[PDB]
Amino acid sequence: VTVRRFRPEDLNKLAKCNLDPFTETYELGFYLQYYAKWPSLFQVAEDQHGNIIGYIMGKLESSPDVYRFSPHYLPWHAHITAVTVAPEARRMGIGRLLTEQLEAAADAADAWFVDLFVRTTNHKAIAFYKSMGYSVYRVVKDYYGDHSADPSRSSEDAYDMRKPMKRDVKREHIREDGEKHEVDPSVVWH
């Protein structure tokens, strides 16, 4: 397995990974926007036969300055927008390898933390991130527009998970009891 930057020519090769039920298929322009703005953070894992068996998409940012007085304001941080590894290639360290490389970029950029949204029913991913030092910071109610298991539910909550980076010397951006803190999707901004 070799890790390298995503290139647009890879767009037709993500299909196998995106069959996974916890992996979203975004619109073309979305992938291409991450390629344009954060190309170093859009990485793919390819096997010896040329197939893409995983990828990760990340970004660096803070909340818009107009929200600087909100208790929900996010300082400069790295965000994992998507990560996925083909089911035949799991538990080989690919997910961790992709994540560690993004963390290294976040560390070099003085990010306060790395965060991500995860479906509350995605126990595999939750166990993965917890093993790497991520914890739940808050629950975003109704973040996902559908449920992963129950079609009668109109939505599914997200855990917003965070791993502290070394800039957070006082650990003021992580919580021990994050599952008890709920927010509405309206405090997630773009």
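Note that residue numbering begins at 1 and tracks the sequence as displayed.
Comparing the deposited coordinates for 39-47 and 147-155, the stretch with the larger average C-alpha B-factor is 147-155. According to the PDB record, 177-185 carries the higher mean C-alpha B-factor of the two stretches 177-185 and 16-24.
For the set 58, 29, 54, 164, the PDB entry puts the maximum C-alpha B factor at 29. Out of 67, 34, 129, 137, it is 67 whose C-alpha atom has the highest B-factor in the PDB entry.
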